[PDB]
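Visitor: Below is the file run12.txt, which contains compact mmCIF, C-alpha atoms and all ligand atoms.
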# COMPACT_ATOMS: atom_id res chain seq x y z
CA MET H 1 0.00 0.00 0.00
CA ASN H 2 0.95 3.63 -0.55
CA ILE H 3 -0.64 7.12 -0.78
CA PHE H 4 -1.67 6.60 -4.45
CA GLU H 5 -3.32 3.29 -3.87
CA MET H 6 -4.92 4.63 -0.77
CA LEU H 7 -6.53 7.61 -2.36
CA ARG H 8 -7.44 5.60 -5.42
CA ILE H 9 -9.58 3.43 -3.09
CA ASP H 10 -11.13 6.31 -1.25
CA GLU H 11 -11.88 8.48 -4.30
CA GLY H 12 -12.61 5.98 -7.07
CA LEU H 13 -11.96 6.68 -10.80
CA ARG H 14 -14.62 8.28 -13.09
CA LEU H 15 -13.85 9.35 -16.64
CA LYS H 16 -16.80 11.65 -17.04
CA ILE H 17 -17.62 14.75 -14.94
CA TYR H 18 -19.62 13.77 -11.84
CA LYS H 19 -20.69 15.44 -8.66
CA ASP H 20 -18.86 14.57 -5.58
CA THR H 21 -20.30 13.92 -2.05
CA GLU H 22 -20.78 17.69 -1.61
CA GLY H 23 -22.55 18.11 -5.04
CA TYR H 24 -19.49 19.70 -6.70
CA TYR H 25 -18.32 18.98 -10.19
CA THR H 26 -15.40 16.58 -10.19
CA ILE H 27 -13.63 14.17 -12.59
CA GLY H 28 -11.11 11.40 -12.42
CA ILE H 29 -9.64 10.42 -9.06
CA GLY H 30 -11.31 13.05 -6.94
CA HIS H 31 -10.14 16.01 -8.98
CA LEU H 32 -12.48 18.92 -7.99
CA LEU H 33 -13.17 21.07 -10.94
CA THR H 34 -15.32 23.85 -9.51
CA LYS H 35 -17.71 24.65 -6.71
CA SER H 36 -19.93 26.40 -9.17
CA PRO H 37 -23.32 24.96 -9.97
CA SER H 38 -22.64 25.45 -13.70
CA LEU H 39 -21.76 22.45 -15.78
CA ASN H 40 -20.38 24.72 -18.36
CA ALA H 41 -18.07 26.29 -15.88
CA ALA H 42 -16.98 22.75 -14.95
CA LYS H 43 -16.41 21.91 -18.65
CA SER H 44 -14.35 25.12 -18.93
CA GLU H 45 -12.13 24.32 -16.03
CA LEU H 46 -11.72 20.71 -17.24
CA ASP H 47 -10.49 21.78 -20.71
CA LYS H 48 -8.08 24.26 -19.17
CA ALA H 49 -6.72 21.54 -16.79
CA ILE H 50 -6.27 19.04 -19.63
CA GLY H 51 -5.20 21.32 -22.42
CA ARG H 52 -7.79 20.27 -25.04
CA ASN H 53 -11.46 20.37 -25.78
CA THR H 54 -12.54 17.39 -23.89
CA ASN H 55 -16.24 17.60 -24.06
CA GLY H 56 -16.46 16.43 -20.36
CA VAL H 57 -14.75 13.20 -20.94
CA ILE H 58 -11.06 12.22 -20.29
CA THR H 59 -8.87 9.18 -20.66
CA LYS H 60 -7.40 6.98 -17.97
CA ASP H 61 -4.04 8.43 -18.50
CA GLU H 62 -5.27 12.02 -18.26
CA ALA H 63 -7.05 11.13 -14.99
CA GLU H 64 -3.81 9.64 -13.63
CA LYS H 65 -1.92 12.74 -14.69
CA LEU H 66 -4.24 15.04 -12.74
CA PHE H 67 -3.99 12.69 -9.78
CA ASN H 68 -0.23 12.79 -9.69
CA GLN H 69 -0.32 16.59 -9.87
CA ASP H 70 -2.91 16.61 -7.08
CA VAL H 71 -0.91 14.38 -4.76
CA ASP H 72 2.21 16.42 -5.34
CA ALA H 73 0.34 19.64 -4.64
CA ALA H 74 -1.15 18.19 -1.47
CA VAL H 75 2.36 17.30 -0.16
CA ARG H 76 3.74 20.66 -1.09
CA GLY H 77 0.79 22.35 0.66
CA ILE H 78 1.57 20.57 3.93
CA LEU H 79 5.30 21.38 3.72
CA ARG H 80 4.50 24.98 3.14
CA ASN H 81 2.07 25.27 5.88
CA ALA H 82 3.43 26.41 9.23
CA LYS H 83 0.79 24.63 11.34
CA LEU H 84 1.02 21.44 9.33
CA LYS H 85 4.62 20.90 8.53
CA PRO H 86 5.80 20.20 12.09
CA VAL H 87 3.18 17.62 12.60
CA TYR H 88 3.80 15.87 9.40
CA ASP H 89 7.52 15.82 9.98
CA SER H 90 6.99 14.20 13.42
CA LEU H 91 5.00 11.29 11.90
CA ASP H 92 6.06 7.90 10.59
CA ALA H 93 5.50 7.07 6.90
CA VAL H 94 2.08 5.44 7.26
CA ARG H 95 0.61 8.19 9.37
CA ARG H 96 1.98 10.70 6.89
CA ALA H 97 -0.15 9.05 4.16
CA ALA H 98 -3.19 9.59 6.40
CA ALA H 99 -2.36 13.28 6.66
CA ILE H 100 -1.94 13.60 2.94
CA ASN H 101 -5.35 11.94 2.44
CA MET H 102 -7.09 14.43 4.70
CA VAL H 103 -5.42 17.36 2.87
CA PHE H 104 -6.36 16.01 -0.51
CA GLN H 105 -9.94 15.75 0.68
CA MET H 106 -10.50 18.97 2.54
CA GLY H 107 -7.68 21.29 1.70
CA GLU H 108 -4.80 22.51 3.76
CA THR H 109 -6.89 25.13 5.38
CA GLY H 110 -9.48 22.67 6.45
CA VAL H 111 -6.93 20.41 7.99
CA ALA H 112 -5.05 23.23 9.59
CA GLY H 113 -8.26 23.89 11.48
CA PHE H 114 -8.03 20.61 13.48
CA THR H 115 -5.91 22.24 16.09
CA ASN H 116 -6.55 20.01 18.90
CA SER H 117 -6.10 16.86 16.87
CA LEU H 118 -2.90 18.15 15.32
CA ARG H 119 -1.48 18.60 18.76
CA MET H 120 -2.46 15.08 19.93
CA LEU H 121 -0.93 13.60 16.78
CA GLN H 122 2.26 15.52 17.40
CA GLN H 123 2.39 14.17 20.96
CA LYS H 124 1.75 10.65 19.71
CA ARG H 125 -1.49 10.28 21.72
CA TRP H 126 -3.14 8.08 19.01
CA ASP H 127 -6.28 6.96 20.76
CA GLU H 128 -6.96 10.41 22.04
CA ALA H 129 -6.41 11.93 18.62
CA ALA H 130 -8.73 9.43 17.00
CA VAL H 131 -11.48 10.26 19.31
CA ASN H 132 -11.05 14.03 18.69
CA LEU H 133 -10.84 13.58 14.98
CA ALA H 134 -14.25 11.88 14.95
CA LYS H 135 -15.83 14.91 16.51
CA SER H 136 -16.12 16.72 13.17
CA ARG H 137 -18.39 17.45 10.37
CA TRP H 138 -15.95 15.44 8.18
CA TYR H 139 -16.59 12.22 10.09
CA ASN H 140 -20.39 12.74 10.19
CA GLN H 141 -20.54 13.47 6.44
CA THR H 142 -18.20 10.67 5.11
CA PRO H 143 -18.04 8.35 8.02
CA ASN H 144 -16.72 5.22 6.25
CA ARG H 145 -13.81 7.01 4.62
CA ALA H 146 -13.16 9.02 7.84
CA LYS H 147 -13.06 5.77 9.82
CA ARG H 148 -10.43 4.36 7.47
CA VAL H 149 -8.19 7.42 7.81
CA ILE H 150 -8.70 7.65 11.54
CA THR H 151 -7.78 3.96 12.01
CA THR H 152 -4.61 4.63 10.00
CA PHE H 153 -3.57 7.44 12.40
CA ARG H 154 -4.56 5.37 15.32
CA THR H 155 -2.59 2.26 14.47
CA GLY H 156 0.05 3.33 12.04
CA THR H 157 -0.76 0.27 9.87
CA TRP H 158 -2.68 -0.13 6.53
CA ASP H 159 -5.18 -2.52 8.05
CA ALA H 160 -8.26 -0.43 7.31
CA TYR H 161 -7.32 -0.63 3.61
CA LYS H 162 -6.52 -4.36 3.61
CL CL H 201 -5.17 21.76 -12.90
CL CL H 202 -17.32 7.71 3.42
KR KR H 203 -0.28 17.11 9.19
KR KR H 204 -3.24 15.91 9.65
KR KR H 205 -5.46 16.43 11.58
Could you render the structure as structure tokens?
Ligand SMILES: [Cl-]
Ligand SMILES: [Cl-]
Ligand SMILES: [Kr]
Ligand SMILES: [Kr]
Ligand SMILES: [Kr]
Guide:
Amino acid sequence: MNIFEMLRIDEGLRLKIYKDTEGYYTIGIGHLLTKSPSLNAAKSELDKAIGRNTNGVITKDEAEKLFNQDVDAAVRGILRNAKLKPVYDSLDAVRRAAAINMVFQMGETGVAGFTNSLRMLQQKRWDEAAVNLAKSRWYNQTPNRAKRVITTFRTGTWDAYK
């Protein structure tokens, strides 16, 4: 297991524009296109991201290309964020994949808002952090995915994905 395989399980792969769990236009492996309710706007952003007139449809390869860019951006976002970097650097490799997952889902900002949990993770208080992490809109809205990520921080193993 690794970060790619992990997010590929949590996000799925769809070659035509679809709405995600929040009703926003997305494509591929969880690539958010726009929060706008306009399909045309979505189609606009997709073409711009791909570099061709796609007509709302992309290939497997193109999806994978966006995904790689998205994972890279997520990592870079963490490393550049002053509240996140220290936590991430204190973690082992598995737990770091959990942190990248959360960032890919909710954005750096979002994650940077879990103050209390960030601190517990940094102190290595796993059980305590897992309980605090569950007290969130994130967990109530996508509970099965949240449970998988939380178990990953809790145990430091890939069992929830096995
Ligand atoms: Cl892009
Ligand atoms: Cl879920
Ligand atoms: Kr983090
Ligand atoms: Kr995190
Ligand atoms: Kr977090």
Visitor: Grab me every residue within 12 Å of ligand KR 203 (chain H), counting only C-alpha atoms and all ligand atoms, and send it over as a VMD selection string.
Guide: chain H and resid 74 to 93 95 to 104 107 to 122 153
Visitor: If we count all atoms listed in the file, what is near residue 42 in chain H at a cut-off of 9 Å, once residues fewer than 4 positions away on the same chain are taken out, given as a PDB file with C-alpha atoms, keeping the file's coordinate frame?
Guide:
ATOM      1  CA  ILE H  17     -17.620  14.750 -14.940  1.00  0.00           C
ATOM      2  CA  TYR H  25     -18.320  18.980 -10.190  1.00  0.00           C
ATOM      3  CA  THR H  26     -15.400  16.580 -10.190  1.00  0.00           C
ATOM      4  CA  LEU H  33     -13.170  21.070 -10.940  1.00  0.00           C
ATOM      5  CA  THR H  34     -15.320  23.850  -9.510  1.00  0.00           C
ATOM      6  CA  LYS H  35     -17.710  24.650  -6.710  1.00  0.00           C
ATOM      7  CA  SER H  36     -19.930  26.400  -9.170  1.00  0.00           C
ATOM      8  CA  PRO H  37     -23.320  24.960  -9.970  1.00  0.00           C
ATOM      9  CA  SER H  38     -22.640  25.450 -13.700  1.00  0.00           C
ATOM     10  CA  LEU H  46     -11.720  20.710 -17.240  1.00  0.00           C
ATOM     11  CA  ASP H  47     -10.490  21.780 -20.710  1.00  0.00           C
ATOM     12  CA  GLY H  56     -16.460  16.430 -20.360  1.00  0.00           C
TER      13      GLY H  56
END
Visitor: Of the candidates H:48, H:154, H:3, H:105, which shows the shortest atom-to-atom distance to ligand CL 202 (chain H), using all atoms listed in the file?
Guide: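 Once distances to ligand CL 202 (chain H) are computed over all atoms listed in the file, the minimum belongs to H:105.
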Visitor: Residues within 12 Å of ligand CL 201 (chain H) should be enumerated using all atoms listed in the file and returned as a ChimeraX atom specification.
Guide: /H:26-28,31-34,44-51,62-63,65-73
Visitor: Kindly indicate which residue among H:149, H:57, H:39, H:7 lies nearest to ligand KR 204 (chain H), using only C-alpha atoms and all ligand atoms for the distances.
Guide: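 Result for the nearest residue to ligand KR 204 (chain H): H:149.
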